[PDB]
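Step one of this worksheet: look at the structure below.
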Amino acid sequence: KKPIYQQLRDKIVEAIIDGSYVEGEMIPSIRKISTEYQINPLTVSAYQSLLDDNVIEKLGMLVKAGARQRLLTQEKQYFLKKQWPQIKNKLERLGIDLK
Amino acid sequence: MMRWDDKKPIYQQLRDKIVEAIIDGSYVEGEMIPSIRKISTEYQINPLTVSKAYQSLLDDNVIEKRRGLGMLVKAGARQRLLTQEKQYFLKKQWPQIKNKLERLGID
Numbered sequence: 007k008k009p010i011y012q013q014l015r016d017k018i019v020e021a022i023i024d025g026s027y028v029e030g031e032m033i034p035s036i037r038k039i040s041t042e043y044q045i046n047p048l049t050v051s053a054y055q056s057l058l059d060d061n062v063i064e065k069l070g071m072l073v074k075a076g077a078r079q080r081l082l083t084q085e086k087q088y089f090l091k092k093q094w095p096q097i098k099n100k101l102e103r104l105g106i107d108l109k
Numbered sequence: 001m002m003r004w005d006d007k008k009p010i011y012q013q014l015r016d017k018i019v020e021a022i023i024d025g026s027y028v029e030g031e032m033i034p035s036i037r038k039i040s041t042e043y044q045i046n047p048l049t050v051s052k053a054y055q056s057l058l059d060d061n062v063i064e065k066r067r068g069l070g071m072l073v074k075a076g077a078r079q080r081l082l083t084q085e086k087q088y089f090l091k092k093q094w095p096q097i098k099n100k101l102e103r104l105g106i107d
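As you go down the protein sequences, you meet chains A and B in turn.
Positions 7 to 51, 53 to 65, 69 to 109 (the UniProt record's numbering) are the ones given, in order, by the first sequence.
Numbering of the second sequence is given in the UniProt record's numbering, commencing with residue 1 and proceeding in unit increments.
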């Protein structure tokens, strides 16, 4: 579910944020990832967006330095915008004042 | 009908619709809720599932089966449900969102 491809993208993103993938270190390559469970070896080209977005760089490819922080703030923005509300605000609907 | 195959079991979605009606006041304490049979035929739901949803509400003391009257809303139910919602959110939800604003700095 989801256009594939955020599944690899997000999985990688969460991998950096969890420190499973470390800054300035080789990631897995396309073969190993397509083999990982299964993926079309292209459609593993989520490695595209991460190149574009400066998460990873070009042997092998590595997580860029400053990558995790860029991703984190990028997560705060989203969460605060599209996520934090509807919970807020449904804290008030029920019970509140963290205790 | 009631559009689903979202993340939850169908009987849980139905159970939540009856709970909402009780909380909104559409059904009050002592009042008779629709029969399992009425819900099944009307909304075209599996009777076994409907019965499962009602039994869940029985075990929770939300409703009671009565002699000739059918299924009625038990007393104190609306508040018991509100507290339940609050509690379920607190233990089974609030943390792991916690626990989120942790992973990224926050108030």
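Think of the CB as a built atom: it goes at the ideal place given N, C-alpha and C, for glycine as much as any other residue.
- The beta carbon of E20(A) sits no closer than 7 Å to any beta carbon of chain B.
- Around the C-beta of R37(A), fewer than 16 other C-beta atoms lie within 10 Å, and the residue is accordingly described as exposed.
- Around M32(A), the same chain offers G70, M71, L72 as residues with beta carbons nearer than 8 Å, after the five sequence neighbours per side are excluded.
- Flagged as an interface residue toward chain A: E85(B), by a C-beta distance shorter than 7 Å.
- Of all residues in the UniProt domain "HTH gntR-type" (8 to 76) of chain B, none is placed with a Cβ closer than 8 Å to any Cβ belonging to chain A.
- Here DSSP, grouped into helix, strand and coil, assigns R66(B) to strand.
- The Cβ of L81(B) sits no closer than 7 Å to any Cβ of chain A.
- One thing to note: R15(B) has its Cβ no nearer than 7 Å to the Cβ of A75(B).
- DSSP lists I63(B) as the bridge partner or partners of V73(B).
- Shown here for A21(B): same chain residues with a beta carbon closer than 7 Å to its own, the five before and five after excluded, namely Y27 in chain order.
- Look at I33(B) here: in three-state DSSP terms it is strand.
- With contacts defined by Cβ atoms closer than 7 Å, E85(B) and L104(A) form a contacting pair.
- Going by beta carbons, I39(A) and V50(A) fall inside the 7 Å limit.
- In terms of Cα proximity to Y11(A), the closest of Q96(A), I106(A), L108(A), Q55(A) is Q55(A).
- Looking from the CA of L57(B), the closest CA among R67(B), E42(B), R80(B) belongs to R80(B).
- Our two residues, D60(A) and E42(A), have alpha carbons roughly 23 Å apart in a direct line.
- Of the candidates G68(B), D5(B), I97(B), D6(B), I97(B) places its Cα closest to the Cα of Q93(A).
- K100(B) has its alpha-carbon roughly 29 Å from the corresponding atom of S35(A).
- For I106(A), the number of other beta carbons within 10 angstroms of its own is below 16, and it is reported as exposed.
- Ranked by how close their Cα comes to the Cα of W4(B), the residues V19(B), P95(B), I45(B), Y88(B) have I45(B) in first place.
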